[PDB]
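Asker: Requesting a structural model of the entry that follows:
(chains A, B and C, ligands or ions: 6)
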Amino acid sequence: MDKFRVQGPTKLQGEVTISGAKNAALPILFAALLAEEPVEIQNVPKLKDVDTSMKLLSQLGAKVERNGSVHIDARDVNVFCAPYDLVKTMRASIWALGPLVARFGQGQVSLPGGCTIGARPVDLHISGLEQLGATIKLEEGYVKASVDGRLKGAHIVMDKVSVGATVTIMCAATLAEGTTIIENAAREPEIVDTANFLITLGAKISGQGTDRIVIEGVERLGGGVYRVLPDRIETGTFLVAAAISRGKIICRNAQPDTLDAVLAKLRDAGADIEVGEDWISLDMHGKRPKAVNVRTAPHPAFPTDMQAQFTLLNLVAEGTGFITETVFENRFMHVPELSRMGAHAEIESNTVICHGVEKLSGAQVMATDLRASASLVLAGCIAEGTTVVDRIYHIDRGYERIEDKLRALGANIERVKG
Amino acid sequence: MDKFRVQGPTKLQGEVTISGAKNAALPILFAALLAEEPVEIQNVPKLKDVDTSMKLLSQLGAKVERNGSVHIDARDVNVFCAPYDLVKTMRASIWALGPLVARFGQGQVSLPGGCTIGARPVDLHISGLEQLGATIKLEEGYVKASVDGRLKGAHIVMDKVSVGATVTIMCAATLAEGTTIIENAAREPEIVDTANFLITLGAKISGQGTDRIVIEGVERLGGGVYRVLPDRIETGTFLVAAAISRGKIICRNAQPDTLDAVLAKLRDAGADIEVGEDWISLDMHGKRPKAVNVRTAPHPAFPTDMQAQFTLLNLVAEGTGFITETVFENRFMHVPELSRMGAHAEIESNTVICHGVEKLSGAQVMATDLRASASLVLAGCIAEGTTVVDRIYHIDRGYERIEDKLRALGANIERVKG
Amino acid sequence: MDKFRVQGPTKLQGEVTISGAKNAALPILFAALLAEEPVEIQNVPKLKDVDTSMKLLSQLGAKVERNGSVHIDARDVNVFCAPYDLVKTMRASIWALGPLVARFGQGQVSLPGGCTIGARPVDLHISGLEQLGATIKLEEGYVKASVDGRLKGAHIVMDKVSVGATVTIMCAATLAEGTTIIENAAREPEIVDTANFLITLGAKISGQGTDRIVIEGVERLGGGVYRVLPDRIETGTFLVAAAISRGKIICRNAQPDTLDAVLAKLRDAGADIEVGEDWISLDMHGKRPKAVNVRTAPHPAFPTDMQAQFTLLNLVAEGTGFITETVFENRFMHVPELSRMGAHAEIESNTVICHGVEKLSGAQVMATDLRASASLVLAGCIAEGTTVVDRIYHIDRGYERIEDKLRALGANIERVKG
Ligand SMILES: CC(=O)N[C@H]1[C@@H](OP(=O)(O)OP(=O)(O)OC[C@H]2O[C@@H](n3ccc(=O)[nH]c3=O)[C@H](O)[C@@H]2O)O[C@H](CO)[C@@H](O)[C@@H]1O
Ligand SMILES: CC(=O)N[C@H]1[C@@H](OP(=O)(O)OP(=O)(O)OC[C@H]2O[C@@H](n3ccc(=O)[nH]c3=O)[C@H](O)[C@@H]2O)O[C@H](CO)[C@@H](O)[C@@H]1O
Ligand SMILES: CC(=O)N[C@H]1[C@@H](OP(=O)(O)OP(=O)(O)OC[C@H]2O[C@@H](n3ccc(=O)[nH]c3=O)[C@H](O)[C@@H]2O)O[C@H](CO)[C@@H](O)[C@@H]1O
Ligand SMILES: CC[C@H](O)P(=O)(O)O
Ligand SMILES: CC[C@H](O)P(=O)(O)O
Ligand SMILES: CC[C@H](O)P(=O)(O)O
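Answerer: Numbers count the residues shown, from 1 in each chain, chains lettered A, B, ... in the order given. Ligands and ions are numbered 1, 2, ... in the order given. Next comes the structure:
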């Protein structure tokens, strides 16, 4: 277990270049199982989840290689059982199931891992795929899916909003016979990106980014080149880093329209924000943030993947702020870790009530999941003294070179063995 | 999203006439799928859930009409697949499954909605129906049930207490061959009402209201007229309205024996209560309540559907009071909303620790579920200033004309578009 | 509902003799379904769970008798459906399923009860058994398993650590054809004990106590005599009893190597500990404990079954201590009960933050589960005045003669009807 050792307080100031989105790179990598000619995916972050997906892909029979891009040749996929050891390490592995079924008529994928922030069922993926014509059973721990012949498109009303199940159904639909309509579709920018990737390959899709997507199945998808959009959560995290540290930053290679709610909330906190076409600047003008209220919800509302980060901002802000998490039922694990650093929070139900303090103290804390870990490192940067964040591998699932990026803003961080 | 705008403080005083029970009207409406002659159900509240059930019923092929009564002619039911869009909006839709199977040999119902106050599985309904002889599978999101021929009665020990699964098994049993015994049956007054409805139709049932119900199957049920019992929770809510507001009320068209535990607890809080045959009066004699301790449990203990309401009473009472919720695992969502109004609560596990304050403050709050919403409106009536309760549609699931009823007691409420 | 009435404060001092482990006696009793000659199991505690298991065993066709030992003759097992009424009362009943399948080719067991400290799924047991070749379905509430012929050994990587599913797979593997490897196996001392029991009977097992167990199936198991190891949790509870009461104790018939983490934590709390080969002594030298931090995890880390107990120690200790529960998601029910006795705890997520007080007060409290109940009795022993712990039957699931043992240390306890 690597740990980060952080020494504060430090103010965070400067610039950062945003990497491709974790959560777009991932569904695109799996969507490439559909492709029957080679694909190049540009602007792909170097993340643990990306490495594992490439390995998983390779074990199905794909030819895979990366640099700034990931190259995938999926023409000769010939294994339909995903490797369990890889699947259990992340959420995104669930996305092998859909394409394997749609293209090959069968697939077997065990239940995913990922962030331990809820029970995280996959029932809507399974329901969707069944509505498209698949037969599914859970056996030995695998989700085992099949269909004789093609899937058949269907009108599918999603019972609840779900990013991942939207991707599964949209992807599988691209090779079904007929038309699929997804109602109550997730609107996240990563589904738009995924959809636009698919279209590059020859898919017929419209409505992505709205609550309804329409897909007309085609016989085969081709190949192509596609560049992944910037990471909005990595963006938001670095904007929070400057905001809590009374700083200023510019974020380069950004996409500001994927952050409306976040930027507004940062303005509410007292931040001076400007945006251009592909960059965002934040300036606190030396001031401590003001407390804000937040309620998480699906895009384009305030994102659950920025909740932990805003927890911390509210805990060193001026005032009382209320943060309500509606999307996941166990995503306050960062809170007691913050309380070990002197924070004043109280949880009531799905809400953390935060009373901001001027300064935190250094402490031995432990990362529980990707965004909690980032949050605890940011805490360590502004806290007095030394913080040791244990189990920092979590961070590497979602941030390329966080240590380097933060270092470049002024942080004093060390990565340490154990 | 309609909202309520409330202006306080206001004292609540006067009288109210209690409507039929939400939670008896609902299972009776679905039980009427059994009937092979027309039925008249009297004293049926005008509630969102009732409207939806009538529409659902009509889509199966029933002829349905209402005024003070709902009229159902179920003779020509000929669709066995319930409409998903209606089913997802409420709990009660689960009750279409049992009667469809018992009478027609098949039925398909997707998973219900309703109050977001727990995971709310339906496994005991499915287990019960299987014990009666049904074959069940979950596929595309539906619970799909069938049996060749009649169900067969069985001795069924309910693994845990459940209102809804008691109703499902009791209802389905009425057309099975032989005798069914339900052990560990729920005893709620709405199951008694349901049972007595069924008996009006020709069912052979005994033991309702006790922990064991015995049903002897008959070949067919007929028709009839039946009046739904008063709503105990609407009763309790209005009694709490007067209790927290230092008031006095009489509740007309009430059934006081369905409220033993609630009335005792209201006496513990300092209320002067009297009861007659069909009415209940409460007088606080101008005083602020005293804090009480409460533990929810199945009937005839203190009901979970009054828990939110008593949360509020304890938060403006004199003293420290402990409220333990044992029935549902996510039914404290009203708590942080109350804390936004200045309440002093702390949650520990399944318990809210409440330290009563003299006055609340007006605040923008949001309703999460039916009884939380009612509670937040009551809070708004006694709070200083303006409260806006967002997402008030929740209330209309369970209260007919709440705005009008409260207005008649002195409240200053406005319903506002959005 | 029996209750305990406790009068404090009382200091707890003296000696105690530790009984056999609840949680080894239980899996061994069920493992004995494998045996085709008689078995004698020595040092078996007199516990409610043991009584129920013997009755369950007898209803499958075993001949069962006990004194200090339990005698089992399983040669004529001839019923494969476990009695539901017995199964629902405890966790351990799940362990009938594996042996019935491995030896007889079929078995039907409803879902277990036990401690209400989480959802407690059995999916890893079912997945494991399927990997060994079983066919499984859930129907009428039963887990129904079968295989034609023997099971076949498999390489099984356990998706998460699980004590019970490790036992199920290891036990069933003893009669499969070929070799089974369990990776990510639970290492608890009770799995070692179980494994060594099995080996007495002729099983071929190695690796128990490590994260990998290897089993080579044999054709039949025989009989034998085996003595159950001491109860580590009962040990830890009595060590906590003396620690919180500023006392001193010696624990006889103990196994100190099963308690490394606990003993270290007790040293951190200020305890003077000594150990011999089969005994442990603790002396506080008259002092109040110091607060400690704890994080639960699988063996050999700090055990979840001592978490409640250490909650209490931290709440009467000097200082602030943080207790993080990672194993079960609803195991803080003792906390509000402790708060009724004047404790200063706050829960945040999976962590209880404890600020120790000098003295508790007597209160009416209620036991929710086995280890919470023991904890509340210990609280009652050091609290000022009278404590009544309701629903004390929970204690009898895991402690033989707790009342007598504590009495012998100086406690003033009464067991009372209701
Ligand atoms: C790899 C990836 O893209 N991860 C992101 C994705 O996760 P993910 O796709 O897992 O999130 P979902 O939108 O599906 O989850 C939404 C809610 O729906 C539930 N649900 C989801 C699927 C299902 O079949 N059944 C079901 O009940 C979940 O338990 C959760 O409570 O979107 C989340 C919501 O923005 C982000 O936090 C994650 O970082
Ligand atoms: C429409 C209606 O009548 N609603 C009422 C009904 O709901 P409802 O019928 O849903 O409530 P239940 O009594 O069934 O629920 C009791 C507990 O058992 C669980 N459970 C229930 C069914 C099942 O198959 N499996 C299972 O595990 C539930 O998750 C809950 O934790 O009774 C509740 C308990 O008084 C009230 O709060 C609801 O307002
Ligand atoms: C009779 C007995 O021996 N009881 C002990 C046993 O319980 P038990 O065997 O039930 O505990 P487990 O180790 O299996 O449970 C570990 C975690 O894994 C989960 N899980 C377990 C099995 C499964 O199929 N699926 C699954 O998801 C559980 O919900 C829990 O969250 O070990 C626990 C952990 O030390 C102790 O607290 C219990 O006193
Ligand atoms: C929620 C944390 C991560 O983004 P995952 O969804 O597990 O990949
Ligand atoms: C618990 C809230 C409502 O009564 P529902 O059970 O959803 O109809
Ligand atoms: C966790 C409490 C008990 O040891 P059980 O596991 O239910 O036997």
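Asker: Chain A: helices as residue ranges?
Answerer: A:22-31, A:48-59, A:84-87, A:97-104, A:123-131, A:163-173, A:189-200, A:232-244, A:260-268, A:307-316, A:334-339, A:370-382, A:393-396, A:402-407 (DSSP state H).
Asker: can you tell me if the third one touches ligand 1.
Answerer: No: in this structure, helix A:84-87 remains apart from ligand 1 according to Cβ under 6 Å from any ligand atom; the gap is never smaller than 12.8 Å. Every residue, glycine included, has its C-beta placed from N, CA and C.
Asker: Does that helix reach chain C?
Answerer: Yes: contact between helix A:84-87 and chain C is present through A:84-85 (criterion: Cβ under 8 Å from any Cβ of the partner chain).
Asker: what about the closest residue to ligand 6 within the stretch 51-200 of chain A, how many neighbours?
Answerer: When distances are taken as Cβ to the nearest ligand atom, the stretch 51-200 of chain A reaches nearest to ligand 6 at residue A:119, 20.0 Å away. Here the neighbour count serves as a burial measure; for residue A:119 (other Cβ atoms under 10 Å in any protein chain shown) it reads 12.
Asker: if we can go back for a sec, among the helices of chain A, single out whichever gets nearest to residue C:296.
Answerer: The minimum distance between residue C:296 and the helices of chain A falls on helix A:334-339, with 13.8 Å, by Cβ to Cβ.
Asker: Figure out how far that closest one is from the centre of its chain.
Answerer: Once both centres are worked out by Cα atoms, centre = their mean, to the nearest Å, helix A:334-339 turns out to sit 22 Å from its chain's centre.
Asker: That one and chain C, are they touching?
Answerer: Yes: for a cut-off given as Cβ under 8 Å from any Cβ, helix A:334-339 has contacts with chain C, namely A:335-336, A:339.
Asker: what helices or strands is that helix leaning on?
Answerer: Counting contacts by 3 or more Cβ pairs under 8 Å, 6 or more residues apart in numbering or on different chains; DSSP states H and E, helix A:334-339 is packed against helix A:307-316, strand A:345-348, strand A:364-366, helix A:370-382, strand C:345-348, strand C:351-355.
Asker: returning to that earlier point: format the helices of chain A as CSV; extra columns: mean neighbour count and distance to residue C:4.
Answerer: Written out in CSV, the entries for those read as follows (neighbours: other Cβ atoms under 10 Å in any protein chain shown; distance: least, Cβ to Cβ, whole Å):
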stretch, mean neighbour count, distance to residue C:4
helix A:22-31, 28, 54
helix A:48-59, 20, 52
helix A:84-87, 19, 48
helix A:97-104, 27, 53
helix A:123-131, 22, 44
helix A:163-173, 28, 50
helix A:189-200, 23, 57
helix A:232-244, 27, 51
helix A:260-268, 18, 52
helix A:307-316, 28, 42
helix A:334-339, 27, 32
helix A:370-382, 28, 41
helix A:393-396, 20, 44
helix A:402-407, 20, 54
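Asker: Which of the ones you listed sits closest to ligand 4?
Answerer: Proximity of these to ligand 4 was assessed by Cβ to the nearest ligand atom; the nearest stretch is helix A:370-382, lying at 4.5 Å.
Asker: which residues touch the residue in the stretch 201-350 of chain A that ligand 3 sits nearest to?
Answerer: Residue nearest to ligand 3 within the stretch 201-350 of chain A (Cβ to the nearest ligand atom): residue A:330, separated by 12.3 Å. Residue A:330 makes contacts with A:116-118, C:329, C:349, as judged by Cβ atoms under 8 Å, 6 or more residues apart in numbering or on different chains.
Asker: Please name whichever of the helices and strands packed on helix A:334-339 is nearest to residue B:343.
Answerer: Between residue B:343 and the helices and strands packed on helix A:334-339, the shortest separation by Cβ to Cβ is 9.6 Å, and it involves strand A:345-348.
Asker: ok, that closest one near chain C or not?
Answerer: Yes: judged by Cβ under 8 Å from any Cβ, strand A:345-348 comes into contact with chain C at A:345-347.
Asker: C-alpha coordinates for stretch A:382-392, PDB please?
Answerer: Extracted in PDB, the C-alpha atoms of stretch A:382-392 (Å, rounded to 0.1, in the frame of the first residue of the first chain):
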ATOM      1  CA  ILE A 382      -3.900  23.000   3.000                       C
ATOM      2  CA  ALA A 383      -3.700  21.300   6.400                       C
ATOM      3  CA  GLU A 384      -1.100  22.300   9.100                       C
ATOM      4  CA  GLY A 385       1.600  19.900   9.200                       C
ATOM      5  CA  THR A 386       1.900  16.400   7.700                       C
ATOM      6  CA  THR A 387      -0.900  14.300   6.400                       C
ATOM      7  CA  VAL A 388      -0.400  10.800   5.300                       C
ATOM      8  CA  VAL A 389      -3.000   9.500   3.000                       C
ATOM      9  CA  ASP A 390      -3.000   5.700   3.100                       C
ATOM     10  CA  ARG A 391      -4.200   3.500   0.200                       C
ATOM     11  CA  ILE A 392      -3.500   6.000  -2.500                       C
END
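Asker: does any bit of it sit next to chain C?
Answerer: No: no part of stretch A:382-392 sits near chain C under the criterion Cβ under 8 Å from any Cβ; the closest distance found is 10.5 Å.
Asker: now what about that stretch, what contacts it?
Answerer: Outside stretch A:382-392, the residues that touch it by Cβ under 8 Å, 6+ apart are A:1-11, A:244-245, A:316, A:341, A:359-368, A:373, A:376-377, A:379-380, A:415-416.
Asker: Just the buried residues out of the residues you listed, in PyMOL syntax.
Answerer: The following PyMOL selection, which keeps only the buried ones among the contacts of stretch A:382-392, applies the criterion 16 or more other Cβ atoms under 10 Å in any protein chain shown:
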select buried, chain A and resi 3+4+5+6+7+8+9+10+11+244+245+316+341+360+361+362+363+365+366+367+368+373+376+377+379+380
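Asker: Can stretch A:107-123 be said to contact ligand 1?
Answerer: Yes: with Cβ under 6 Å from any ligand atom as the measure, stretch A:107-123 is seen reaching ligand 1 through A:118, A:120-123.
Asker: Next one: the closest residue to residue A:302 other than its chain neighbours from ligand 6, what distance?
Answerer: The shortest distance from residue A:302 to any residue other than its chain neighbours is 4.4 Å, reached at residue A:261 (Cβ to Cβ, 6 or more residues apart in numbering or on different chains). Using Cβ to the nearest ligand atom, to the nearest Å, residue A:261 is found at 43 Å from ligand 6.
Asker: residues in contact with residue A:261?
Answerer: The neighbourhood of residue A:261, defined by Cβ under 8 Å, 6+ apart, consists of A:300-303.
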